[PDB]
$ cat protein_20.pdb   # PDB, C-alpha atoms
MODEL        1
ATOM      1  CA  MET A   1    -134.492  68.349 -68.450  1.00  0.00           C
ATOM      2  CA  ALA A   2    -135.825  65.020 -69.790  1.00  0.00           C
ATOM      3  CA  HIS A   3    -139.343  65.829 -68.529  1.00  0.00           C
ATOM      4  CA  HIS A   4    -141.587  66.168 -71.591  1.00  0.00           C
ATOM      5  CA  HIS A   5    -145.240  67.229 -71.730  1.00  0.00           C
ATOM      6  CA  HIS A   6    -147.901  65.296 -73.618  1.00  0.00           C
ATOM      7  CA  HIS A   7    -150.470  67.847 -74.770  1.00  0.00           C
ATOM      8  CA  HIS A   8    -154.194  67.747 -73.979  1.00  0.00           C
ATOM      9  CA  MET A   9    -155.363  64.637 -75.834  1.00  0.00           C
ATOM     10  CA  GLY A  10    -158.431  63.341 -74.034  1.00  0.00           C
ATOM     11  CA  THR A  11    -162.066  63.903 -74.988  1.00  0.00           C
ATOM     12  CA  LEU A  12    -163.194  60.953 -72.860  1.00  0.00           C
ATOM     13  CA  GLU A  13    -165.439  62.542 -70.230  1.00  0.00           C
ATOM     14  CA  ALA A  14    -165.854  59.592 -67.857  1.00  0.00           C
ATOM     15  CA  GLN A  15    -169.168  58.843 -66.141  1.00  0.00           C
ATOM     16  CA  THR A  16    -169.902  57.900 -62.518  1.00  0.00           C
ATOM     17  CA  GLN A  17    -172.189  55.506 -60.630  1.00  0.00           C
ATOM     18  CA  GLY A  18    -170.724  53.986 -57.473  1.00  0.00           C
ATOM     19  CA  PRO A  19    -173.203  51.827 -55.468  1.00  0.00           C
ATOM     20  CA  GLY A  20    -175.924  53.691 -57.368  1.00  0.00           C
ATOM     21  CA  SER A  21    -176.501  57.252 -56.203  1.00  0.00           C
ATOM     22  CA  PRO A  22    -173.753  58.155 -53.663  1.00  0.00           C
ATOM     23  CA  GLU A  23    -175.232  60.739 -51.289  1.00  0.00           C
ATOM     24  CA  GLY A  24    -175.586  61.121 -47.523  1.00  0.00           C
ATOM     25  CA  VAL A  25    -172.312  59.273 -47.028  1.00  0.00           C
ATOM     26  CA  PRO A  26    -170.404  59.836 -43.742  1.00  0.00           C
ATOM     27  CA  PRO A  27    -166.721  60.986 -43.894  1.00  0.00           C
ATOM     28  CA  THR A  28    -165.461  57.401 -43.668  1.00  0.00           C
ATOM     29  CA  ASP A  29    -162.101  56.475 -45.220  1.00  0.00           C
ATOM     30  CA  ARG A  30    -163.341  53.043 -46.334  1.00  0.00           C
ATOM     31  CA  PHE A  31    -165.850  53.650 -49.137  1.00  0.00           C
ATOM     32  CA  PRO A  32    -166.726  50.838 -51.642  1.00  0.00           C
ATOM     33  CA  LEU A  33    -164.818  52.826 -54.285  1.00  0.00           C
ATOM     34  CA  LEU A  34    -161.569  52.366 -52.465  1.00  0.00           C
ATOM     35  CA  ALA A  35    -161.126  48.963 -54.118  1.00  0.00           C
ATOM     36  CA  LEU A  36    -159.232  50.708 -56.929  1.00  0.00           C
ATOM     37  CA  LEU A  37    -155.501  51.431 -56.531  1.00  0.00           C
ATOM     38  CA  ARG A  38    -153.930  52.842 -59.716  1.00  0.00           C
ATOM     39  CA  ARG A  39    -151.421  55.463 -60.901  1.00  0.00           C
ATOM     40  CA  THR A  40    -154.090  57.642 -62.470  1.00  0.00           C
ATOM     41  CA  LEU A  41    -155.913  59.356 -59.620  1.00  0.00           C
ATOM     42  CA  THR A  42    -159.612  59.158 -60.385  1.00  0.00           C
ATOM     43  CA  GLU A  43    -162.097  61.026 -58.155  1.00  0.00           C
ATOM     44  CA  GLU A  44    -162.237  58.275 -55.541  1.00  0.00           C
ATOM     45  CA  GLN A  45    -158.476  58.200 -55.150  1.00  0.00           C
ATOM     46  CA  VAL A  46    -158.320  62.003 -55.011  1.00  0.00           C
ATOM     47  CA  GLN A  47    -160.983  62.039 -52.294  1.00  0.00           C
ATOM     48  CA  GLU A  48    -158.864  59.387 -50.573  1.00  0.00           C
ATOM     49  CA  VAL A  49    -155.776  61.626 -50.821  1.00  0.00           C
ATOM     50  CA  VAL A  50    -157.718  64.456 -49.220  1.00  0.00           C
ATOM     51  CA  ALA A  51    -159.288  62.047 -46.714  1.00  0.00           C
ATOM     52  CA  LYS A  52    -155.719  61.389 -45.548  1.00  0.00           C
ATOM     53  CA  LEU A  53    -154.527  65.001 -46.027  1.00  0.00           C
ATOM     54  CA  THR A  54    -157.349  66.277 -43.813  1.00  0.00           C
ATOM     55  CA  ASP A  55    -155.844  64.582 -40.731  1.00  0.00           C
ATOM     56  CA  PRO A  56    -153.065  66.967 -39.511  1.00  0.00           C
ATOM     57  CA  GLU A  57    -152.064  64.561 -36.742  1.00  0.00           C
ATOM     58  CA  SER A  58    -151.430  61.450 -38.838  1.00  0.00           C
ATOM     59  CA  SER A  59    -149.424  63.355 -41.474  1.00  0.00           C
ATOM     60  CA  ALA A  60    -147.052  64.438 -38.696  1.00  0.00           C
ATOM     61  CA  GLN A  61    -145.839  60.815 -38.452  1.00  0.00           C
ATOM     62  CA  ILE A  62    -146.555  59.361 -41.923  1.00  0.00           C
ATOM     63  CA  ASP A  63    -143.587  61.264 -43.363  1.00  0.00           C
ATOM     64  CA  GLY A  64    -142.734  63.055 -40.122  1.00  0.00           C
ATOM     65  CA  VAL A  65    -143.619  66.700 -40.851  1.00  0.00           C
ATOM     66  CA  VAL A  66    -146.567  68.990 -41.552  1.00  0.00           C
ATOM     67  CA  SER A  67    -145.992  71.281 -44.523  1.00  0.00           C
ATOM     68  CA  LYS A  68    -148.414  72.018 -47.379  1.00  0.00           C
ATOM     69  CA  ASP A  69    -146.059  70.243 -49.828  1.00  0.00           C
ATOM     70  CA  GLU A  70    -147.635  67.237 -48.056  1.00  0.00           C
ATOM     71  CA  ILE A  71    -150.226  67.199 -50.845  1.00  0.00           C
ATOM     72  CA  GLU A  72    -147.520  66.157 -53.316  1.00  0.00           C
ATOM     73  CA  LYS A  73    -146.278  63.425 -50.968  1.00  0.00           C
ATOM     74  CA  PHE A  74    -149.750  61.957 -50.429  1.00  0.00           C
ATOM     75  CA  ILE A  75    -150.501  62.077 -54.174  1.00  0.00           C
ATOM     76  CA  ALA A  76    -147.293  60.275 -55.136  1.00  0.00           C
ATOM     77  CA  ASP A  77    -148.050  57.905 -52.275  1.00  0.00           C
ATOM     78  CA  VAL A  78    -151.188  56.733 -54.145  1.00  0.00           C
ATOM     79  CA  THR A  79    -149.033  55.117 -56.850  1.00  0.00           C
ATOM     80  CA  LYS A  80    -149.299  58.362 -58.841  1.00  0.00           C
ATOM     81  CA  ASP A  81    -145.503  58.614 -59.173  1.00  0.00           C
ATOM     82  CA  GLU A  82    -146.266  61.895 -60.961  1.00  0.00           C
ATOM     83  CA  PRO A  83    -147.634  64.704 -58.727  1.00  0.00           C
ATOM     84  CA  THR A  84    -148.225  67.550 -61.197  1.00  0.00           C
ATOM     85  CA  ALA A  85    -150.044  70.886 -60.868  1.00  0.00           C
ATOM     86  CA  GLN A  86    -153.149  69.017 -62.038  1.00  0.00           C
ATOM     87  CA  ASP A  87    -153.096  66.595 -59.108  1.00  0.00           C
ATOM     88  CA  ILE A  88    -152.127  69.220 -56.537  1.00  0.00           C
ATOM     89  CA  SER A  89    -154.826  71.585 -57.834  1.00  0.00           C
ATOM     90  CA  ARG A  90    -157.648  68.993 -57.781  1.00  0.00           C
ATOM     91  CA  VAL A  91    -156.667  67.641 -54.358  1.00  0.00           C
ATOM     92  CA  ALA A  92    -156.277  71.213 -53.086  1.00  0.00           C
ATOM     93  CA  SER A  93    -159.697  72.011 -54.537  1.00  0.00           C
ATOM     94  CA  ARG A  94    -161.205  69.138 -52.544  1.00  0.00           C
ATOM     95  CA  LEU A  95    -159.602  70.102 -49.221  1.00  0.00           C
ATOM     96  CA  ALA A  96    -160.198  73.814 -49.908  1.00  0.00           C
ATOM     97  CA  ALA A  97    -163.879  73.274 -50.753  1.00  0.00           C
ATOM     98  CA  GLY A  98    -164.008  70.452 -48.201  1.00  0.00           C
ATOM     99  CA  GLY A  99    -164.797  72.929 -45.439  1.00  0.00           C
ATOM    100  CA  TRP A 100    -165.350  70.753 -42.379  1.00  0.00           C
ATOM    101  CA  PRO A 101    -168.538  70.877 -40.244  1.00  0.00           C
ATOM    102  CA  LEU A 102    -171.395  72.860 -41.803  1.00  0.00           C
ATOM    103  CA  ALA A 103    -169.584  74.823 -44.523  1.00  0.00           C
ATOM    104  CA  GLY A 104    -172.266  74.250 -47.146  1.00  0.00           C
ATOM    105  CA  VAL A 105    -170.454  71.247 -48.572  1.00  0.00           C
ATOM    106  CA  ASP A 106    -172.441  68.793 -50.730  1.00  0.00           C
ATOM    107  CA  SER A 107    -172.561  65.214 -49.440  1.00  0.00           C
ATOM    108  CA  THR A 108    -173.081  63.956 -53.013  1.00  0.00           C
ATOM    109  CA  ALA A 109    -170.672  66.239 -54.917  1.00  0.00           C
ATOM    110  CA  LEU A 110    -167.745  64.327 -53.425  1.00  0.00           C
ATOM    111  CA  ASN A 111    -168.355  61.837 -56.242  1.00  0.00           C
ATOM    112  CA  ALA A 112    -167.443  63.206 -59.687  1.00  0.00           C
TER     113      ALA A 112
ENDMDL
END

$ encode --input "protein_20.pdb" --output "structure tokens"
Amino acid sequence: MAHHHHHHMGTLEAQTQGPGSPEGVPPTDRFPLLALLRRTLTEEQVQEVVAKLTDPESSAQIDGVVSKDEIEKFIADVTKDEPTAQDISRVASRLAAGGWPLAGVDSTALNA
């Protein structure tokens, strides 16, 4: 009820850059790209969501519980206001592919 759905209207494949060529970066919450806080979760903000999500201790007090719905909470927490299957899927893709220690993860593919 009330909730509509704007169809896929967006051919604007955005580019990336960062400081130049972001690779070899350590898993540090404070990247230069974290100077952007907006409703529309771009890569940086998604990687931030997962950077928070990946700490199972902190989540236990941020909202007070640990349940996988937490993804939605953290997304909406980033001024998204609108955690849809898109957001949950992307974030989930990051944390799913974000296999900690040596899982074969790319230290550059975390950017776009």

$ residues_around --input "protein_20.pdb" --residues "region 82-87 of chain A" --least-positions-apart "5" --cutoff "10 Å" --atoms "only C-alpha atoms" --output "list in words"
residues 39, 40, 41, 42, 46, 71, 72, 73, 74, 75, 76, 77, 92 and 93 of chain A

$ atom_distance --input "protein_20.pdb" --atom1 "CA of residue 35 (chain A)" --atom2 "CA of residue 88 (chain A)"
22.3 Å

$ closest_atom_pairs --input "protein_20.pdb" --of "region 31-86 of chain A" --to "region 21-25 of chain A" --cutoff "12 Å" --atoms "only C-alpha atoms" --output "tab-separated table"
residue	atom	partner	partner_atom	distance
A:31	CA	A:25	CA	8.8
A:32	CA	A:22	CA	10.3
A:33	CA	A:22	CA	10.4
A:44	CA	A:22	CA	11.7

$ atom_distance --input "protein_20.pdb" --atom1 "CA of residue 51 (chain A)" --atom2 "CA of residue 10 (chain A)"
27.4 Å

$ atom_distance --input "protein_20.pdb" --atom1 "CA of residue 43 (chain A)" --atom2 "CA of residue 110 (chain A)"
8.1 Å

$ closest_residue --input "protein_20.pdb" --among "A:38, A:96, A:102, A:66" --to "residue 80 (chain A)" --atoms "all atoms listed in the file"
A:38

$ build_atoms --input "protein_20.pdb" --residues "region 54-74 of chain A" --atoms "N, CA and C atoms" --output "PDB file, in the coordinates of the input"
ATOM      1  N   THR A  54    -156.523  65.499 -44.728  1.00  0.00           N
ATOM      2  CA  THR A  54    -157.349  66.277 -43.813  1.00  0.00           C
ATOM      3  C   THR A  54    -157.075  65.933 -42.346  1.00  0.00           C
ATOM      4  N   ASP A  55    -156.225  64.937 -42.099  1.00  0.00           N
ATOM      5  CA  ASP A  55    -155.844  64.582 -40.731  1.00  0.00           C
ATOM      6  C   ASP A  55    -154.441  65.124 -40.439  1.00  0.00           C
ATOM      7  N   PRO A  56    -154.346  66.276 -39.741  1.00  0.00           N
ATOM      8  CA  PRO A  56    -153.065  66.967 -39.511  1.00  0.00           C
ATOM      9  C   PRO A  56    -152.194  66.274 -38.465  1.00  0.00           C
ATOM     10  N   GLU A  57    -152.769  65.290 -37.786  1.00  0.00           N
ATOM     11  CA  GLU A  57    -152.064  64.561 -36.742  1.00  0.00           C
ATOM     12  C   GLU A  57    -151.306  63.390 -37.366  1.00  0.00           C
ATOM     13  N   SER A  58    -151.999  62.635 -38.211  1.00  0.00           N
ATOM     14  CA  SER A  58    -151.430  61.450 -38.838  1.00  0.00           C
ATOM     15  C   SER A  58    -150.266  61.835 -39.751  1.00  0.00           C
ATOM     16  N   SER A  59    -150.455  62.890 -40.545  1.00  0.00           N
ATOM     17  CA  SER A  59    -149.424  63.355 -41.474  1.00  0.00           C
ATOM     18  C   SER A  59    -148.103  63.599 -40.742  1.00  0.00           C
ATOM     19  N   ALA A  60    -148.212  64.096 -39.512  1.00  0.00           N
ATOM     20  CA  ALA A  60    -147.052  64.438 -38.696  1.00  0.00           C
ATOM     21  C   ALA A  60    -146.145  63.232 -38.436  1.00  0.00           C
ATOM     22  N   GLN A  61    -146.648  62.017 -38.668  1.00  0.00           N
ATOM     23  CA  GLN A  61    -145.839  60.815 -38.452  1.00  0.00           C
ATOM     24  C   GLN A  61    -145.679  59.995 -39.735  1.00  0.00           C
ATOM     25  N   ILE A  62    -146.619  60.130 -40.675  1.00  0.00           N
ATOM     26  CA  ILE A  62    -146.555  59.361 -41.923  1.00  0.00           C
ATOM     27  C   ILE A  62    -145.228  59.613 -42.637  1.00  0.00           C
ATOM     28  N   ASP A  63    -144.881  60.884 -42.800  1.00  0.00           N
ATOM     29  CA  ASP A  63    -143.587  61.264 -43.363  1.00  0.00           C
ATOM     30  C   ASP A  63    -142.774  62.056 -42.339  1.00  0.00           C
ATOM     31  N   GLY A  64    -143.441  62.512 -41.276  1.00  0.00           N
ATOM     32  CA  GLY A  64    -142.734  63.055 -40.122  1.00  0.00           C
ATOM     33  C   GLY A  64    -142.837  64.566 -39.969  1.00  0.00           C
ATOM     34  N   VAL A  65    -143.467  65.246 -40.925  1.00  0.00           N
ATOM     35  CA  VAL A  65    -143.619  66.700 -40.851  1.00  0.00           C
ATOM     36  C   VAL A  65    -144.992  67.138 -41.346  1.00  0.00           C
ATOM     37  N   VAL A  66    -145.356  68.376 -41.024  1.00  0.00           N
ATOM     38  CA  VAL A  66    -146.567  68.990 -41.552  1.00  0.00           C
ATOM     39  C   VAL A  66    -146.212  70.262 -42.316  1.00  0.00           C
ATOM     40  N   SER A  67    -146.217  70.155 -43.631  1.00  0.00           N
ATOM     41  CA  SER A  67    -145.992  71.281 -44.523  1.00  0.00           C
ATOM     42  C   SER A  67    -146.863  71.069 -45.754  1.00  0.00           C
ATOM     43  N   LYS A  68    -147.364  72.141 -46.363  1.00  0.00           N
ATOM     44  CA  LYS A  68    -148.414  72.018 -47.379  1.00  0.00           C
ATOM     45  C   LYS A  68    -147.954  71.217 -48.605  1.00  0.00           C
ATOM     46  N   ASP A  69    -146.640  71.144 -48.818  1.00  0.00           N
ATOM     47  CA  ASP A  69    -146.059  70.243 -49.828  1.00  0.00           C
ATOM     48  C   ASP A  69    -146.552  68.802 -49.622  1.00  0.00           C
ATOM     49  N   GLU A  70    -147.117  68.548 -48.441  1.00  0.00           N
ATOM     50  CA  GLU A  70    -147.635  67.237 -48.056  1.00  0.00           C
ATOM     51  C   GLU A  70    -148.600  66.696 -49.111  1.00  0.00           C
ATOM     52  N   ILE A  71    -149.269  67.602 -49.828  1.00  0.00           N
ATOM     53  CA  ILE A  71    -150.226  67.199 -50.845  1.00  0.00           C
ATOM     54  C   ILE A  71    -149.512  66.354 -51.900  1.00  0.00           C
ATOM     55  N   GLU A  72    -148.344  66.837 -52.319  1.00  0.00           N
ATOM     56  CA  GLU A  72    -147.520  66.157 -53.316  1.00  0.00           C
ATOM     57  C   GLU A  72    -147.144  64.757 -52.831  1.00  0.00           C
ATOM     58  N   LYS A  73    -146.700  64.684 -51.578  1.00  0.00           N
ATOM     59  CA  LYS A  73    -146.278  63.425 -50.968  1.00  0.00           C
ATOM     60  C   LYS A  73    -147.420  62.408 -50.965  1.00  0.00           C
ATOM     61  N   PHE A  74    -148.590  62.839 -50.517  1.00  0.00           N
ATOM     62  CA  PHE A  74    -149.750  61.957 -50.429  1.00  0.00           C
ATOM     63  C   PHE A  74    -150.219  61.521 -51.818  1.00  0.00           C
TER      64      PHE A  74
END
